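K.L.:
let me start by giving you these chains from the complex, positioned as in the assembled structure:
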Amino acid sequence: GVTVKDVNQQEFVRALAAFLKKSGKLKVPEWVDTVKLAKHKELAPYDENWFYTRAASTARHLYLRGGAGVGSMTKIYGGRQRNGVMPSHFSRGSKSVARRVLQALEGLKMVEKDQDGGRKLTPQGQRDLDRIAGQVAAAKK
Amino acid sequence: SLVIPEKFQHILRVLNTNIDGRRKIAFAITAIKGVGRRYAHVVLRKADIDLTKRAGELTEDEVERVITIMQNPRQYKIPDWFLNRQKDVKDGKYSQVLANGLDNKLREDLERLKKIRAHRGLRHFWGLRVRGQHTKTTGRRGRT
Amino acid sequence: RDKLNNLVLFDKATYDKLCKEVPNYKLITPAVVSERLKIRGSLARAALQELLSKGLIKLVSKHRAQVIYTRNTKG
Amino acid sequence: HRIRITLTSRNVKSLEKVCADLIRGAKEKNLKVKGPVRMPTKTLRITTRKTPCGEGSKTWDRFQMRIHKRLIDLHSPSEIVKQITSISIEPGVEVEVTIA
Amino acid sequence: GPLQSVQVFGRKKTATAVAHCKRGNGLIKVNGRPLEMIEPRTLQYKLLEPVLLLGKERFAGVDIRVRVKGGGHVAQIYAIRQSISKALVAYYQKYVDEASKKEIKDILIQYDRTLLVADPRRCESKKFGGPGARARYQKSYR
Amino acid sequence: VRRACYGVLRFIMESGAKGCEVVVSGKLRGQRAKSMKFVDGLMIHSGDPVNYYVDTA
């Protein structure tokens, strides 16, 4: 019936984090509460579950387009580095804050590494994502 | 939660410097010298603090629980690189300076590079730009 | 220049003024609450979503910047 | 069999002449052919100053050079394509032969 | 039965939208995601206005899946704006009567002409001696 | 210079041309540099037929 693409993503990005928080087997790095997430900004996140957000918020892109590795993920989490007195420029994300996500989601079987580089997403996580999205659509109903 | 409680610290003297209690804690302990917004959100992270609180709401002993984090960052898993007094010249330790030690350690090195007769040295005594700037056009506010 | 001093938490009289004067105001924004009872806009948002939690005011449009609340249904 | 003849030049109608000549030479000997594929052409652009010295008004040239890329696909071993490819090429054009 | 197909472009500034009509349900979705959550929701019923000028009565029979590529946000939404109306009237060229087509295309004509005709306004090229296409750098007398 | 320019310009018009145009410039018996200019016939200067009607040297 329902799928992943038929639902508002702005509310879906909370439920994908909540489902990973209820599981709690994500191999969290020790440095998640102290690290800056990229080069383009300076301040830490306000919430305390940013890794729990960013893990399945990275995984939802791995259903849209697979074969995408840590370079594609440091690209899609890039932003406007304000260089202060000079004009601003686009810059990447941190490599490790996506690499720990990918190492987590190949550990717990939601994605796996695939030919033509990158990660593709397993049928188990493909079941899991629209299993969440059906609940989100039921919350809409 | 809504009203001003009893024991509402308008004033504080932490590490012998002033801070208003009308500000949030995470941006109020930035008002000490040597701790900014980046290191403040780690020393309040290692302490179990619900960080929505203003500086007048929090009670009397965690305001010294937060103090010891800075003087002992290696007690509390704050890394080598995150500090600001890293790899000292004489004793080679990684430490964190706080609101009276910064201007002291700014003496500690600049009179050293003064008395060594370095080109880095003489520019600080003259009051001139150090890092290789072009003072032909910019920097006319300081002198005359 | 001009030095105003908004409250940072409530006084007892100011929380009384919240309890007695905000729901009959036709225009309910954290800006007008901050100018009418001298409070920071952040807990002017946070203390007034409490009023939605206990159901004394009605949302129309919710935004990152402009949450707009209304009176009670007087009829 | 699956032979590729890709031709390039910066003159348009000269390679348009010789590709149609290769198409006619393919049609005359009963060969199967794909149409001339118009690849997105390269427009090599250089903007330099006009002035040999440096004072004047800041005016700039805009030199283009458009190199073009067309290709022909045929299905025959090489005893047929080589003589028609070799005959009648006009000076700007340059062809290639790819077995794959 | 017969494959009732029509596949119709639509161009704003750079963005190109490819709508594609088949007979069926009222499935109107752009690049596999449905219409009512498309960035931004600031002008959501702007994108709903070809439905609202026509009602569900004519969108009930035809389901359209719309690709879009290139351009920006407003360029993509104005591309899929006119691509679905041009695809509707191009289906109604062939598979319904033209004396059913005219009474709904002149709705778009009397409403807003850009709902089915292209916008040839494109970005004018920047010239030397200027930060923009018309603007020049500052000139220093004395 | 003036006789050589007409000895060229009569030849390159009797050999068949709509019009030619010959300039000589520079320092020549003195120090001040003068330039006299020799024309006849039609001559276009602007647009695309400058590419394939005239030849400069």
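P.N.:
Here it is on my side, so go on. Numbers count the residues shown, from 1 in each chain, chains lettered A, B, ... in the order given.
K.L.:
residue contacts, the residue of chain F found nearest chain B?
P.N.:
With distances taken as Cβ to the nearest Cβ, chain F approaches chain B most closely at residue F:33, which sits 41.9 Å away. Where C-beta positions appear, they are placed from N, C-alpha and C, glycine not excepted. Residue F:33 makes contact with F:25-27 under the criterion Cβ atoms under 8 Å, 6 or more residues apart in numbering or on different chains.
K.L.:
for chain E, state which of the residues you listed is nearest.
P.N.:
Within those, distances to chain E taken as Cβ to the nearest Cβ reach their minimum at residue F:25, with 29.7 Å.
K.L.:
what about residue C:60, which SS state?
P.N.:
At residue C:60, secondary structure determined by DSSP: H, G, I helix; E, B strand; the rest coil is strand.
K.L.:
nearest spatial neighbour of it, skipping sequence neighbours?
P.N.:
Beyond its immediate neighbours in the sequence, the residue positioned closest to residue C:60 (Cβ to Cβ, 6 or more residues apart in numbering or on different chains) is residue C:68, lying 5.3 Å away.
K.L.:
beta-bridge partners for that neighbour, please?
P.N.:
Taking DSSP bridges as the rule, residue C:68 bridges to residue C:61.
K.L.:
that one: neighbour count?
P.N.:
14 (other Cβ atoms under 10 Å in any protein chain shown).
K.L.:
kindly report the same for residue A:70.
P.N.:
Residue A:70 is surrounded by 19 other residues when neighbours are defined as other Cβ under 10 Å.
K.L.:
could you do residue D:91 as well?
P.N.:
A count of neighbours around residue D:91, defined by other Cβ under 10 Å, yields 8.
K.L.:
all the helices of chain E, residue numbers only.
P.N.:
Along chain E, the segments classed as helices by DSSP state H run E:44-52, E:56-59, E:73-94, E:98-111.
K.L.:
which of those helices sits most buried?
P.N.:
Taking mean count of other Cβ atoms under 10 Å in any protein chain shown as the contact definition, the stretch among the helices of chain E with the greatest mean neighbour count is helix E:73-94, which reaches a mean of 22.
K.L.:
further, place chain G onto the existing structure:
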Amino acid sequence: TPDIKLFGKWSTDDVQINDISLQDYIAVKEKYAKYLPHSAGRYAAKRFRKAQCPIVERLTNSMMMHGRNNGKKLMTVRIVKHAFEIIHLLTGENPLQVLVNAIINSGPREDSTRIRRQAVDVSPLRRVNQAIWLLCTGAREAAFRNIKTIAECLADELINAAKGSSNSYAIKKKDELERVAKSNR
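P.N.:
Alright, chain G goes in next:
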């Protein structure tokens, strides 16, 4: 609602202007009605074809200003749609009646300029243009350096200019300009 049209959530009918002079220059009614006042553009090409543009689109074009708001039109149609409910909560009717009342009030009927300045009557097109332009200014001067946001600023400037409260920043210079016009004639 295929034939009758809802102005966003609003009535586009039952709003009657009181000015004979700006009837075709005002634009809300029966074909001028539009879902959002964001559009493609094209209305700034000929001379008088900018009068065939609705007021909400003209204000959504106009009140973005001062560099940082250039090229921010969906960003400010967000602002004017937030301000619509503020008008509804303050005065309690369709905001575009309030808008056209603010136009006919704030638009200076006569001004003074050079042929030493002599009084000269204005155009109705320039009068609605200058009405919109003076309504832009009070919505921005109050929002500069203040917690009181534009969602209240273009709201209450419009509300004061609806009746002519002599408090709106449009209305005060409207009071200045034709007064000095009838002065220097």
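K.L.:
revisit the neighbour count of residue C:68 given that chain G is now included?
P.N.:
The local packing of residue C:68 (other Cβ under 10 Å) involves 22 other residues.
K.L.:
now do the contacts for the closest residue to residue G:159 other than its chain neighbours.
P.N.:
Take residue G:159 and drop its neighbours on the chain: the residue closest to it by Cβ to Cβ, 6+ apart is residue G:90, 5.5 Å away. Listed by Cβ under 8 Å, 6+ apart, the contact partners of residue G:90 are C:26-27, G:155-156, G:159.
K.L.:
what's the burial count for the closest residue to chain C within chain E?
P.N.:
Ranking the residues of chain E by distance to chain C (Cβ to the nearest Cβ) places residue E:42 first, at 10.6 Å. One way to gauge burial is a neighbour count; for residue E:42, by other Cβ under 10 Å, it gives 14.
K.L.:
need the contact list for it.
P.N.:
Counted by Cβ under 8 Å, 6+ apart, residue E:42 has contacts G:36, G:74, G:77-78, G:81.
K.L.:
between these, which sits nearest chain A?
P.N.:
After measuring the contacts of residue E:42 against chain A - Cβ to the nearest Cβ - the closest member comes out as residue G:78, at 15.8 Å.
K.L.:
so which residues of the chain form helices?
P.N.:
Picked chain A for this. In chain A, the helices defined using DSSP H lie at A:9-23, A:50-59, A:61-64, A:70-76, A:96-107, A:123-140.
K.L.:
wrong one, I was asking about chain D
P.N.:
Secondary structure of chain D, counting by DSSP H: helices at D:12-27, D:81-86.
K.L.:
identify the residues contacting stretch D:91-100?
P.N.:
Contacting residues not belonging to stretch D:91-100 are listed as D:2-11, D:14-15, D:18, D:78, D:81-82, D:85, D:89 [Cβ under 8 Å, 6+ apart].
K.L.:
which of the residues you listed are buried?
P.N.:
The neighbour-count test (16 or more other Cβ atoms under 10 Å in any protein chain shown) applied to the contacts of stretch D:91-100 identifies D:3, D:5-10, D:14-15, D:18, D:81, D:85, D:89 as buried.
K.L.:
in CSV: these, plus distance to residue B:57.
P.N.:
As requested, these are arranged in CSV below (distance: Cβ to Cβ, whole Å):
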residue, distance to residue B:57
D:3, 82
D:5, 81
D:6, 75
D:7, 79
D:8, 75
D:9, 79
D:10, 76
D:14, 83
D:15, 79
D:18, 85
D:81, 86
D:85, 86
D:89, 87
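K.L.:
extra chain here, label it chain H:
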Amino acid sequence: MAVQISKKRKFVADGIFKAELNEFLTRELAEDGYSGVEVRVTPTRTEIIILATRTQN
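P.N.:
Take a look at chain H, now in place beside the chains above:
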């Protein structure tokens, strides 16, 4: 080619060759009445023709 030069750079470089040969023969054949060249490069050889006024010199 085994070094496998790019095709932008090849069409730049043979045009540089066409310029340098034309310029060098303007230098060399000046008193011989040089007029031009064009370089019909083929596979297996490069036909290079000169065109001039006086030929036996």
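K.L.:
re-run the earlier check on the contacts of stretch D:91-100 with chain H in the model.
P.N.:
Counting by Cβ under 8 Å, 6+ apart, stretch D:91-100 makes contact with D:2-11, D:14-15, D:18, D:78, D:81-82, D:85, D:89, H:38-41, all of which sit outside it.
K.L.:
stretch E:134-142 too?
P.N.:
Residues from elsewhere that reach stretch E:134-142, judged by Cβ under 8 Å, 6+ apart: E:124, E:129-131.
K.L.:
with stretch B:101-120 instead?
P.N.:
Outside of stretch B:101-120, the residues within contact range by Cβ under 8 Å, 6+ apart are B:33-34, B:85, B:89, B:97, B:121-122, B:124-125, B:130.
K.L.:
list the contacts for the residue most central in space within chain B?
P.N.:
The central residue of chain B, meaning the one whose C-alpha is nearest the mean C-alpha position (Cα atoms, centre = their mean), is residue B:34 at 0.9 Å. Under the criterion of Cβ under 8 Å, 6+ apart, the contact partners of residue B:34 comprise B:84, B:96-99, B:101-102.
K.L.:
highest neighbour count among the residues you listed?
P.N.:
Going through the contacts of residue B:34 with other Cβ under 10 Å as the criterion, the one with the most neighbours is residue B:96, at 21 neighbours.
K.L.:
if we can go back for a sec, and chain D, which of the contacts of stretch E:134-142 reach it?
P.N.:
Filtering these for neighbours of chain D using Cβ under 8 Å from any Cβ of the partner chain leaves residue E:129.
K.L.:
check which helix or strand covers the closest residue to chain C within chain H.
P.N.:
Taking Cβ to the nearest Cβ as the measure, chain H has residue H:8 as its residue closest to chain C, at 49.0 Å. Using DSSP states H and E, residue H:8 falls within helix H:7-28.
K.L.:
so that helix, near chain D or not?
P.N.:
Yes: residues of helix H:7-28 are located near chain D by Cβ under 8 Å from any Cβ, namely H:7-8, H:11-12.
K.L.:
pull the residues that contact that helix.
P.N.:
Outside helix H:7-28, the residues that reach it (Cβ under 8 Å, 6+ apart) are D:8, D:10, D:42, D:44, D:65, D:67, H:5, H:34, H:36-39, H:41, H:48, H:50.
K.L.:
which two in these are spaced the farthest apart?
P.N.:
With distances taken as Cβ to Cβ, the most widely separated pair in these is D:42 and H:34, at 33.1 Å.
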